[PDB]
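Shown here is one chain on its own, the form deposited in one PDB entry, set out as structure tokens.
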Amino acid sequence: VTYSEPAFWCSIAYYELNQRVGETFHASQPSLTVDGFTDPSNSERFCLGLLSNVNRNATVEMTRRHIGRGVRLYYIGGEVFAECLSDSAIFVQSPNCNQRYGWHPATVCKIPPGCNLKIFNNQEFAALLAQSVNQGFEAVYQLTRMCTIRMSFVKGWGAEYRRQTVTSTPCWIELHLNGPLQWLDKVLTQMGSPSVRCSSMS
């Protein structure tokens, strides 16, 4: 297998509750904001305010009005950061981040306005990828979760909150890191197949 460098360092999908809303945003510049405004043609702004959803109700709509300046996402070397530009907090679930601090990988971290958090470190990811090959195909396969980061605007979820899953928050986004996914692919294509058999029938 051969590889070409991704034109986009990440891709971002927006969600309301359990429903995907709008097109996937593909990020070509190393810094970008996901905000609640309405510029449709800026390669550095994923503007959520112009996305329609005939099905959305009042909780989602009030929340959307509070995204505001939203979240700034950028990378420096092999490290990815999120900065809360919104007047309201944002809540991040990054397995790579959680493993760094010894937390459960489903832990949700709160970012108050004006603060930033390192949500991904590639060097820690490479180390985990190196160890996963000793665990078999399925172990490597799950590492895609290390390359996906989920973030909710305004509303928290998890142990400290009444909302328990990300699909219960009104306004959230799903970030995929394309560089690390390519390195994962280079390993997966050399791992064989899983040992347990699937029948065509079951």
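Sequential numbering from 1, following the sequence displayed. The term rigid core refers to the maximal set of C-alpha atoms that superpose within 1.5 Å between the two forms.
- Legend: mean Cα B-factor per stretch from the PDB entry, 154-162 versus 172-180; the higher mean is in 154-162.
- Relative to one another, 60-68 and 130-138 have unequal mean CA B-factors, and 130-138 is the one with the higher figure.
- Taking the deposited Cα B-factors for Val21, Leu17, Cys10, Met191, the highest one is held by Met191.
- Per-chain ranking of the deposited C-alpha B factor places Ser52 in the middle third.
- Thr38: CA B factor in the lowest third of modelled residues in this chain (values from the PDB entry).
- Per the PDB record, residue ranking by Cα B-factor puts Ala82 in the middle third of the chain.
- Among the modelled residues of its chain, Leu73 has a C-alpha B-factor that falls in the lowest third according to the deposited record.
- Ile90: CA B factor lies in the middle third for its chain, per the PDB record.
This protein has a second form, the form deposited in another entry, left out of what is shown; the following refers to that one.
- When the rigid core is held fixed, the Cα atom of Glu138 travels 2 angstroms or more between the shown form and the other one.
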